[PDB]
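Next comes data_6.txt, with compact mmCIF, N, CA, C and O atoms.
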# COMPACT_ATOMS: atom_id res chain seq x y z
N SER A 1 -10.27 -13.98 -13.31
CA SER A 1 -11.21 -13.43 -12.30
C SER A 1 -10.47 -12.73 -11.17
O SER A 1 -9.26 -12.53 -11.24
N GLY A 2 -11.20 -12.37 -10.12
CA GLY A 2 -10.60 -11.70 -8.99
C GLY A 2 -9.22 -12.23 -8.66
O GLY A 2 -8.92 -13.40 -8.93
N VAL A 3 -8.37 -11.39 -8.09
CA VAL A 3 -7.02 -11.78 -7.73
C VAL A 3 -6.77 -11.59 -6.24
O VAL A 3 -6.88 -10.48 -5.72
N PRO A 4 -6.41 -12.67 -5.53
CA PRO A 4 -6.14 -12.62 -4.09
C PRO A 4 -5.13 -11.54 -3.73
O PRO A 4 -3.93 -11.80 -3.64
N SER A 5 -5.62 -10.32 -3.53
CA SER A 5 -4.76 -9.20 -3.18
C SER A 5 -5.40 -8.33 -2.10
O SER A 5 -6.29 -7.53 -2.38
N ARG A 6 -4.95 -8.51 -0.86
CA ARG A 6 -5.49 -7.74 0.26
C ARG A 6 -4.47 -6.71 0.75
O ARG A 6 -4.83 -5.58 1.07
N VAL A 7 -3.21 -7.11 0.80
CA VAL A 7 -2.14 -6.23 1.24
C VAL A 7 -1.49 -5.51 0.07
O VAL A 7 -1.20 -6.13 -0.96
N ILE A 8 -1.26 -4.21 0.22
CA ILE A 8 -0.64 -3.42 -0.83
C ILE A 8 0.79 -3.04 -0.46
O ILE A 8 1.02 -2.23 0.43
N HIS A 9 1.76 -3.63 -1.16
CA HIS A 9 3.17 -3.36 -0.91
C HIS A 9 3.61 -2.10 -1.64
O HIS A 9 3.72 -2.08 -2.86
N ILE A 10 3.86 -1.04 -0.87
CA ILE A 10 4.30 0.23 -1.44
C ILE A 10 5.80 0.24 -1.68
O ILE A 10 6.59 0.04 -0.76
N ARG A 11 6.19 0.47 -2.93
CA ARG A 11 7.60 0.50 -3.30
C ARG A 11 8.08 1.94 -3.49
O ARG A 11 7.28 2.88 -3.43
N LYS A 12 9.38 2.11 -3.72
CA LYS A 12 9.95 3.43 -3.91
C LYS A 12 9.38 4.42 -2.91
O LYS A 12 9.08 5.57 -3.25
N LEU A 13 9.24 3.98 -1.66
CA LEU A 13 8.70 4.83 -0.61
C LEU A 13 9.63 4.82 0.60
O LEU A 13 9.99 3.77 1.12
N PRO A 14 10.02 6.02 1.07
CA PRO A 14 10.91 6.15 2.23
C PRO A 14 10.18 5.89 3.54
O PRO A 14 9.92 6.82 4.31
N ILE A 15 9.84 4.63 3.78
CA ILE A 15 9.14 4.25 5.00
C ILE A 15 9.44 5.22 6.13
O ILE A 15 10.56 5.27 6.64
N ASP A 16 8.43 5.99 6.50
CA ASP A 16 8.55 6.99 7.55
C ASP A 16 7.67 8.18 7.22
O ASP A 16 7.32 8.98 8.09
N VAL A 17 7.30 8.29 5.94
CA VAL A 17 6.44 9.36 5.48
C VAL A 17 5.18 9.44 6.34
O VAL A 17 5.12 8.81 7.40
N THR A 18 4.19 10.20 5.90
CA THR A 18 2.96 10.32 6.67
C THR A 18 1.86 9.42 6.13
O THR A 18 1.75 9.20 4.92
N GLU A 19 1.04 8.90 7.04
CA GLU A 19 -0.06 8.03 6.67
C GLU A 19 -1.15 8.81 5.94
O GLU A 19 -1.64 8.39 4.90
N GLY A 20 -1.51 9.96 6.51
CA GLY A 20 -2.53 10.79 5.89
C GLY A 20 -2.40 10.83 4.39
O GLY A 20 -3.39 11.00 3.67
N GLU A 21 -1.17 10.66 3.91
CA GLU A 21 -0.90 10.67 2.47
C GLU A 21 -1.16 9.29 1.88
O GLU A 21 -1.96 9.14 0.96
N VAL A 22 -0.47 8.29 2.40
CA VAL A 22 -0.63 6.92 1.92
C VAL A 22 -2.10 6.53 1.90
O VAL A 22 -2.61 6.04 0.89
N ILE A 23 -2.79 6.77 3.01
CA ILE A 23 -4.20 6.46 3.12
C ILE A 23 -5.03 7.40 2.25
O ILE A 23 -6.01 6.99 1.63
N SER A 24 -4.62 8.67 2.21
CA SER A 24 -5.32 9.67 1.41
C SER A 24 -5.55 9.15 0.00
O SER A 24 -6.60 9.38 -0.59
N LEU A 25 -4.56 8.44 -0.53
CA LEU A 25 -4.65 7.88 -1.87
C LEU A 25 -5.61 6.70 -1.88
O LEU A 25 -6.37 6.51 -2.83
N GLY A 26 -5.57 5.90 -0.82
CA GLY A 26 -6.45 4.75 -0.72
C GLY A 26 -7.89 5.14 -0.48
O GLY A 26 -8.80 4.36 -0.74
N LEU A 27 -8.10 6.36 0.01
CA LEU A 27 -9.44 6.86 0.29
C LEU A 27 -10.40 6.47 -0.83
O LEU A 27 -11.38 5.76 -0.60
N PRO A 28 -10.12 6.92 -2.06
CA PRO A 28 -10.96 6.62 -3.23
C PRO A 28 -10.98 5.13 -3.54
O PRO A 28 -11.99 4.59 -3.98
N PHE A 29 -9.85 4.47 -3.30
CA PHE A 29 -9.74 3.03 -3.55
C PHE A 29 -10.74 2.26 -2.71
O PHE A 29 -11.25 1.22 -3.13
N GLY A 30 -11.03 2.78 -1.52
CA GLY A 30 -11.97 2.13 -0.63
C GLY A 30 -11.77 2.54 0.81
O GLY A 30 -12.18 3.63 1.22
N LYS A 31 -11.15 1.67 1.59
CA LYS A 31 -10.89 1.95 3.00
C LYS A 31 -9.62 1.24 3.47
O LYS A 31 -9.39 0.08 3.15
N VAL A 32 -8.82 1.96 4.25
CA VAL A 32 -7.58 1.39 4.78
C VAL A 32 -7.84 0.68 6.10
O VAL A 32 -8.34 1.28 7.05
N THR A 33 -7.51 -0.60 6.15
CA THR A 33 -7.72 -1.40 7.35
C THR A 33 -6.46 -1.48 8.20
O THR A 33 -6.46 -2.08 9.27
N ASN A 34 -5.38 -0.88 7.71
CA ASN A 34 -4.11 -0.88 8.42
C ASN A 34 -2.99 -0.31 7.55
O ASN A 34 -3.04 -0.39 6.33
N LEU A 35 -1.98 0.26 8.20
CA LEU A 35 -0.84 0.84 7.49
C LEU A 35 0.45 0.64 8.28
O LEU A 35 0.72 1.38 9.23
N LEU A 36 1.24 -0.35 7.88
CA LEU A 36 2.50 -0.64 8.55
C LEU A 36 3.68 -0.24 7.68
O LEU A 36 3.91 -0.83 6.62
N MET A 37 4.43 0.76 8.13
CA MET A 37 5.60 1.23 7.38
C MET A 37 6.86 0.49 7.82
O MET A 37 7.50 0.87 8.80
N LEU A 38 7.20 -0.56 7.08
CA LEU A 38 8.39 -1.35 7.39
C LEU A 38 9.66 -0.61 7.00
O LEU A 38 10.11 -0.70 5.85
N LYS A 39 10.23 0.13 7.94
CA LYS A 39 11.45 0.89 7.69
C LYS A 39 12.53 0.01 7.08
O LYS A 39 13.49 0.51 6.49
N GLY A 40 12.37 -1.30 7.23
CA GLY A 40 13.35 -2.24 6.69
C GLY A 40 13.96 -1.74 5.39
O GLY A 40 14.93 -0.98 5.41
N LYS A 41 13.41 -2.18 4.27
CA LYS A 41 13.91 -1.79 2.96
C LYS A 41 12.95 -0.81 2.28
O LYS A 41 12.49 -1.06 1.16
N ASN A 42 12.65 0.29 2.96
CA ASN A 42 11.74 1.30 2.42
C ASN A 42 10.56 0.64 1.71
O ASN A 42 10.43 0.74 0.49
N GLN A 43 9.70 -0.01 2.48
CA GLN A 43 8.53 -0.68 1.93
C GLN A 43 7.37 -0.63 2.92
O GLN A 43 7.52 -0.98 4.09
N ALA A 44 6.21 -0.19 2.44
CA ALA A 44 5.02 -0.10 3.28
C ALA A 44 3.99 -1.15 2.89
O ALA A 44 4.04 -1.69 1.78
N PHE A 45 3.07 -1.45 3.80
CA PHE A 45 2.04 -2.44 3.54
C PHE A 45 0.71 -2.03 4.16
O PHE A 45 0.58 -1.93 5.38
N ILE A 46 -0.28 -1.79 3.30
CA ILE A 46 -1.61 -1.40 3.76
C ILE A 46 -2.64 -2.48 3.44
O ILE A 46 -2.52 -3.17 2.42
N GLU A 47 -3.63 -2.62 4.30
CA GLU A 47 -4.67 -3.62 4.10
C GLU A 47 -6.02 -2.97 3.80
O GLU A 47 -6.52 -2.16 4.58
N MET A 48 -6.60 -3.33 2.66
CA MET A 48 -7.89 -2.79 2.26
C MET A 48 -9.02 -3.67 2.77
O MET A 48 -8.93 -4.90 2.73
N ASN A 49 -10.08 -3.04 3.28
CA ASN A 49 -11.21 -3.78 3.83
C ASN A 49 -11.98 -4.51 2.73
O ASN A 49 -12.71 -5.47 3.00
N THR A 50 -11.82 -4.06 1.49
CA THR A 50 -12.51 -4.69 0.36
C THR A 50 -11.54 -5.01 -0.77
O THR A 50 -10.57 -4.30 -0.99
N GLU A 51 -11.82 -6.10 -1.48
CA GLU A 51 -10.97 -6.52 -2.59
C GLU A 51 -10.90 -5.44 -3.66
O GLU A 51 -9.82 -5.11 -4.16
N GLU A 52 -12.06 -4.88 -4.01
CA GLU A 52 -12.12 -3.83 -5.01
C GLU A 52 -11.19 -2.68 -4.65
O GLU A 52 -10.77 -1.91 -5.52
N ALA A 53 -10.88 -2.56 -3.37
CA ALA A 53 -10.00 -1.50 -2.89
C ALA A 53 -8.54 -1.84 -3.17
O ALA A 53 -7.82 -1.06 -3.80
N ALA A 54 -8.10 -3.00 -2.71
CA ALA A 54 -6.73 -3.44 -2.91
C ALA A 54 -6.34 -3.38 -4.38
O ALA A 54 -5.33 -2.79 -4.75
N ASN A 55 -7.16 -4.00 -5.23
CA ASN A 55 -6.90 -4.02 -6.67
C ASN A 55 -6.73 -2.60 -7.21
O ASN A 55 -5.64 -2.22 -7.64
N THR A 56 -7.81 -1.83 -7.18
CA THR A 56 -7.78 -0.46 -7.67
C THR A 56 -6.49 0.25 -7.25
O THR A 56 -5.93 1.03 -8.02
N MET A 57 -6.04 -0.02 -6.04
CA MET A 57 -4.82 0.59 -5.52
C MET A 57 -3.66 0.41 -6.49
O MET A 57 -3.15 1.38 -7.05
N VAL A 58 -3.25 -0.84 -6.69
CA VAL A 58 -2.15 -1.15 -7.60
C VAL A 58 -2.59 -1.03 -9.06
O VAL A 58 -1.93 -0.38 -9.86
N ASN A 59 -3.71 -1.67 -9.38
CA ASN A 59 -4.24 -1.63 -10.74
C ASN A 59 -4.16 -0.23 -11.33
O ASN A 59 -3.49 0.00 -12.34
N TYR A 60 -4.85 0.71 -10.68
CA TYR A 60 -4.86 2.10 -11.14
C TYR A 60 -3.44 2.65 -11.24
O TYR A 60 -3.11 3.35 -12.20
N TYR A 61 -2.61 2.34 -10.25
CA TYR A 61 -1.23 2.81 -10.23
C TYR A 61 -0.38 2.04 -11.23
O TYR A 61 0.82 2.29 -11.36
N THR A 62 -1.00 1.10 -11.94
CA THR A 62 -0.29 0.30 -12.94
C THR A 62 0.50 1.19 -13.88
O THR A 62 1.53 0.78 -14.42
N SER A 63 0.02 2.41 -14.09
CA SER A 63 0.69 3.37 -14.97
C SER A 63 1.04 4.64 -14.22
O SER A 63 2.20 5.04 -14.16
N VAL A 64 0.03 5.28 -13.64
CA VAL A 64 0.23 6.52 -12.89
C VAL A 64 0.74 6.22 -11.48
O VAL A 64 0.12 5.47 -10.73
N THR A 65 1.87 6.82 -11.13
CA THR A 65 2.46 6.62 -9.81
C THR A 65 2.20 7.81 -8.90
O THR A 65 2.18 8.95 -9.35
N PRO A 66 1.99 7.55 -7.60
CA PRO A 66 1.73 8.58 -6.61
C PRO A 66 3.00 9.02 -5.90
O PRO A 66 3.81 8.20 -5.49
N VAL A 67 3.17 10.33 -5.76
CA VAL A 67 4.35 10.87 -5.09
C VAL A 67 3.98 11.58 -3.79
O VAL A 67 2.80 11.68 -3.44
N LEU A 68 4.99 12.07 -3.09
CA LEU A 68 4.77 12.77 -1.82
C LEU A 68 5.55 14.08 -1.78
O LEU A 68 6.78 14.08 -1.75
N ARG A 69 4.82 15.19 -1.79
CA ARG A 69 5.45 16.51 -1.75
C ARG A 69 6.59 16.59 -2.76
O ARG A 69 7.50 17.40 -2.62
N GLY A 70 6.53 15.73 -3.78
CA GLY A 70 7.56 15.72 -4.80
C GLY A 70 8.40 14.45 -4.77
O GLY A 70 9.41 14.36 -5.45
N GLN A 71 7.97 13.48 -3.97
CA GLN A 71 8.69 12.21 -3.86
C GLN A 71 7.82 11.06 -4.34
O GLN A 71 6.98 10.54 -3.61
N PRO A 72 8.02 10.64 -5.60
CA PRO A 72 7.26 9.54 -6.20
C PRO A 72 7.38 8.24 -5.41
O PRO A 72 8.47 7.67 -5.29
N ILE A 73 6.26 7.76 -4.89
CA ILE A 73 6.23 6.52 -4.12
C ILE A 73 5.33 5.49 -4.80
O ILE A 73 4.11 5.62 -4.80
N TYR A 74 5.96 4.47 -5.38
CA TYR A 74 5.22 3.42 -6.08
C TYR A 74 4.36 2.60 -5.12
O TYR A 74 4.71 2.42 -3.95
N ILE A 75 3.23 2.11 -5.63
CA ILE A 75 2.32 1.31 -4.83
C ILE A 75 2.02 -0.02 -5.53
O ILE A 75 1.27 -0.07 -6.50
N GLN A 76 2.63 -1.09 -5.03
CA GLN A 76 2.44 -2.41 -5.62
C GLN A 76 1.69 -3.33 -4.66
O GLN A 76 1.48 -2.99 -3.49
N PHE A 77 1.29 -4.50 -5.15
CA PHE A 77 0.57 -5.47 -4.34
C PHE A 77 1.49 -6.11 -3.31
O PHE A 77 2.65 -5.73 -3.18
N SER A 78 0.96 -7.07 -2.57
CA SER A 78 1.73 -7.76 -1.54
C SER A 78 2.31 -9.07 -2.08
O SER A 78 2.01 -9.47 -3.20
N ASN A 79 3.13 -9.72 -1.27
CA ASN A 79 3.75 -10.98 -1.67
C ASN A 79 3.50 -12.06 -0.62
O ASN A 79 4.29 -13.00 -0.48
N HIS A 80 2.40 -11.93 0.10
CA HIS A 80 2.04 -12.90 1.14
C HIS A 80 0.55 -12.85 1.44
O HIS A 80 -0.12 -11.85 1.15
N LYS A 81 0.03 -13.92 2.02
CA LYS A 81 -1.38 -14.00 2.37
C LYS A 81 -1.89 -12.66 2.88
O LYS A 81 -2.38 -11.83 2.11
N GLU A 82 -1.77 -12.45 4.19
CA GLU A 82 -2.22 -11.20 4.81
C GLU A 82 -1.18 -10.68 5.79
O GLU A 82 -0.27 -11.41 6.20
N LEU A 83 -1.32 -9.42 6.18
CA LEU A 83 -0.39 -8.80 7.12
C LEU A 83 -0.64 -9.30 8.54
O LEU A 83 -1.75 -9.18 9.06
N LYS A 84 0.39 -9.85 9.15
CA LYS A 84 0.29 -10.37 10.51
C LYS A 84 0.59 -9.28 11.54
O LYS A 84 1.59 -8.57 11.42
N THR A 85 -0.28 -9.15 12.53
CA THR A 85 -0.10 -8.14 13.57
C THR A 85 0.82 -8.65 14.68
O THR A 85 0.39 -9.36 15.58
N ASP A 86 2.10 -8.28 14.59
CA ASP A 86 3.08 -8.70 15.58
C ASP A 86 2.87 -10.16 15.98
O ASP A 86 3.41 -11.07 15.36
N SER A 87 2.07 -10.37 17.02
CA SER A 87 1.78 -11.71 17.51
C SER A 87 0.48 -11.74 18.30
O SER A 87 0.36 -12.45 19.30
N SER A 88 -0.50 -10.96 17.85
CA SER A 88 -1.79 -10.90 18.52
C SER A 88 -1.68 -10.15 19.85
O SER A 88 -0.72 -9.37 20.01

Rewritten as structure tokens:
Amino acid sequence: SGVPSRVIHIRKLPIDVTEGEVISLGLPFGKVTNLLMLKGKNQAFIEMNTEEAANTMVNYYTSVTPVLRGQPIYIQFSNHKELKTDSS
């Protein structure tokens, strides 16, 4: 059944790109509730307002990968409950 997936961990992405793109892809998936580009190890994390959104994000990308102006940026699920906002 449903899979606890709210945060979408974007891989193979040069954290720093533009949101309009990252979110642009999520548009059809549903709605973006947040987009934090962790420059750390080139990894982004977006939060979908609906479960059907988060899933479709990675699920659909299960085969087809999204790129940026010619830069393929993988979109995978998260590895934690939910994205924490700094410290409130």

Tell me which protein, DNA and RNA residues are within 7 Å of residue 64 (chain A), counting only N, CA, C and O atoms, leaving out same-chain ones fewer than 6 positions away, and put them as a PDB file with N, CA, C and O atoms, keeping the file's coordinate frame.
ATOM      1  N   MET A  57      -6.040  -0.020  -6.040  1.00  0.00           N
ATOM      2  CA  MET A  57      -4.820   0.590  -5.520  1.00  0.00           C
ATOM      3  C   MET A  57      -3.660   0.410  -6.490  1.00  0.00           C
ATOM      4  O   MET A  57      -3.150   1.380  -7.050  1.00  0.00           O
ATOM      5  N   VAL A  58      -3.250  -0.840  -6.690  1.00  0.00           N
ATOM      6  CA  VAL A  58      -2.150  -1.150  -7.600  1.00  0.00           C
ATOM      7  C   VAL A  58      -2.590  -1.030  -9.060  1.00  0.00           C
ATOM      8  O   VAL A  58      -1.930  -0.380  -9.860  1.00  0.00           O
ATOM      9  N   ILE A  75       3.230   2.110  -5.630  1.00  0.00           N
ATOM     10  CA  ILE A  75       2.320   1.310  -4.830  1.00  0.00           C
ATOM     11  C   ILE A  75       2.020  -0.020  -5.530  1.00  0.00           C
ATOM     12  O   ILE A  75       1.270  -0.070  -6.500  1.00  0.00           O
TER      13      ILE A  75
END

Write out as a ChimeraX atom specification all residues of chain A that backbone DSSP assigns to strand (DSSP E or B).
-> /A:7-10,32-38,43-48,67-68,71-72,75

Polymer residues at most 12 Å from residue 16 (chain A), only C-alpha atoms, same-chain spacing of 5 or more positions, as a PyMOL selection string | chain A and resi 21-22+35-44+68+73

In Å and to one decimal, atom C of residue 11 (chain A) is distant from atom O of residue 56 (chain A) by 14.8 Å

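Between atom N of residue 26 (chain A) and atom O of residue 66 (chain A) there is a distance of 10.7 Å.
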
Mind listing the alpha helix (DSSP H) residues of chain A, per DSSP on the backbone, as a VMD selection string?
-> chain A and resid 19 to 29 51 to 61

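For the atom pair formed by CA of residue 48 (chain A) and CA of residue 63 (chain A), the distance is 20.2 Å, given to one decimal.
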
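The residue that comes closest to residue 79 (chain A), out of A:17, A:52, A:2, A:7 and on the basis of only C-alpha atoms, is A:7.
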
Close residues, residue 3 (chain A) itself excluded, 10 Å, only C-alpha atoms, min 4 positions apart in chain, as a PDB file with N, CA, C and O atoms, in the frame of the given file:
ATOM      1  N   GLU A  51     -11.820  -6.100  -1.480  1.00  0.00           N
ATOM      2  CA  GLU A  51     -10.970  -6.520  -2.590  1.00  0.00           C
ATOM      3  C   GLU A  51     -10.900  -5.440  -3.660  1.00  0.00           C
ATOM      4  O   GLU A  51      -9.820  -5.110  -4.160  1.00  0.00           O
ATOM      5  N   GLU A  52     -12.060  -4.880  -4.010  1.00  0.00           N
ATOM      6  CA  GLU A  52     -12.120  -3.830  -5.010  1.00  0.00           C
ATOM      7  C   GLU A  52     -11.190  -2.680  -4.650  1.00  0.00           C
ATOM      8  O   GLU A  52     -10.770  -1.910  -5.520  1.00  0.00           O
ATOM      9  N   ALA A  54      -8.100  -3.000  -2.710  1.00  0.00           N
ATOM     10  CA  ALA A  54      -6.730  -3.440  -2.910  1.00  0.00           C
ATOM     11  C   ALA A  54      -6.340  -3.380  -4.380  1.00  0.00           C
ATOM     12  O   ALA A  54      -5.330  -2.790  -4.750  1.00  0.00           O
ATOM     13  N   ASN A  55      -7.160  -4.000  -5.230  1.00  0.00           N
ATOM     14  CA  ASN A  55      -6.900  -4.020  -6.670  1.00  0.00           C
ATOM     15  C   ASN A  55      -6.730  -2.600  -7.210  1.00  0.00           C
ATOM     16  O   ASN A  55      -5.640  -2.220  -7.640  1.00  0.00           O
TER      17      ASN A  55
END

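Nearest-residue note for residue 50 (chain A): choosing from A:1, A:6, A:15, A:82, the minimum distance belongs to A:6, counting all atoms listed in the file.
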
I want to know what sits within 8 Å of residue 49 (chain A), based on all atoms listed in the file, with residues of the same chain fewer than 4 positions away left out; could you give that as a PDB file with N, CA, C and O atoms, in the frame of the given file?
ATOM      1  N   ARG A   6      -4.950  -8.510  -0.860  1.00  0.00           N
ATOM      2  CA  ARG A   6      -5.490  -7.740   0.260  1.00  0.00           C
ATOM      3  C   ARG A   6      -4.470  -6.710   0.750  1.00  0.00           C
ATOM      4  O   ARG A   6      -4.830  -5.580   1.070  1.00  0.00           O
ATOM      5  N   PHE A  29      -9.850   4.470  -3.300  1.00  0.00           N
ATOM      6  CA  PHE A  29      -9.740   3.030  -3.550  1.00  0.00           C
ATOM      7  C   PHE A  29     -10.740   2.260  -2.710  1.00  0.00           C
ATOM      8  O   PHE A  29     -11.250   1.220  -3.130  1.00  0.00           O
ATOM      9  N   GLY A  30     -11.030   2.780  -1.520  1.00  0.00           N
ATOM     10  CA  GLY A  30     -11.970   2.130  -0.630  1.00  0.00           C
ATOM     11  C   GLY A  30     -11.770   2.540   0.810  1.00  0.00           C
ATOM     12  O   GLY A  30     -12.180   3.630   1.220  1.00  0.00           O
ATOM     13  N   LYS A  31     -11.150   1.670   1.590  1.00  0.00           N
ATOM     14  CA  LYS A  31     -10.890   1.950   3.000  1.00  0.00           C
ATOM     15  C   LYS A  31      -9.620   1.240   3.470  1.00  0.00           C
ATOM     16  O   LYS A  31      -9.390   0.080   3.150  1.00  0.00           O
ATOM     17  N   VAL A  32      -8.820   1.960   4.250  1.00  0.00           N
ATOM     18  CA  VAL A  32      -7.580   1.390   4.780  1.00  0.00           C
ATOM     19  C   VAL A  32      -7.840   0.680   6.100  1.00  0.00           C
ATOM     20  O   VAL A  32      -8.340   1.280   7.050  1.00  0.00           O
ATOM     21  N   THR A  33      -7.510  -0.600   6.150  1.00  0.00           N
ATOM     22  CA  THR A  33      -7.720  -1.400   7.350  1.00  0.00           C
ATOM     23  C   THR A  33      -6.460  -1.480   8.200  1.00  0.00           C
ATOM     24  O   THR A  33      -6.460  -2.080   9.270  1.00  0.00           O
ATOM     25  N   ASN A  34      -5.380  -0.880   7.710  1.00  0.00           N
ATOM     26  CA  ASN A  34      -4.110  -0.880   8.420  1.00  0.00           C
ATOM     27  C   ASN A  34      -2.990  -0.310   7.550  1.00  0.00           C
ATOM     28  O   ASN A  34      -3.040  -0.390   6.330  1.00  0.00           O
ATOM     29  N   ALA A  53     -10.880  -2.560  -3.370  1.00  0.00           N
ATOM     30  CA  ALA A  53     -10.000  -1.500  -2.890  1.00  0.00           C
ATOM     31  C   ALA A  53      -8.540  -1.840  -3.170  1.00  0.00           C
ATOM     32  O   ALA A  53      -7.820  -1.060  -3.800  1.00  0.00           O
ATOM     33  N   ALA A  54      -8.100  -3.000  -2.710  1.00  0.00           N
ATOM     34  CA  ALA A  54      -6.730  -3.440  -2.910  1.00  0.00           C
ATOM     35  C   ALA A  54      -6.340  -3.380  -4.380  1.00  0.00           C
ATOM     36  O   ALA A  54      -5.330  -2.790  -4.750  1.00  0.00           O
TER      37      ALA A  54
END

Around region 19-32 of chain A, fit a box with edges along x, y and z, padding it by 3 Å on each side, then list its centre and edge lengths in Å to one decimal as AutoDock Vina command-line options.
--center_x -5.6 --center_y 5.5 --center_z 1.5 --size_x 19.2 --size_y 16.9 --size_z 17.0

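With distances restricted to only C-alpha atoms, A:8 is the closest residue to residue 46 (chain A) from A:8, A:83, A:13, A:23.
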
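When only N, CA, C and O atoms are used to compute distances to residue 76 (chain A), the closest of the residues A:88, A:24, A:18, A:59 turns out to be A:59.
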
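Each of A:25, A:65, A:19, A:77 was compared to residue 5 (chain A) using all atoms listed in the file, and A:77 turns out to be the nearest.
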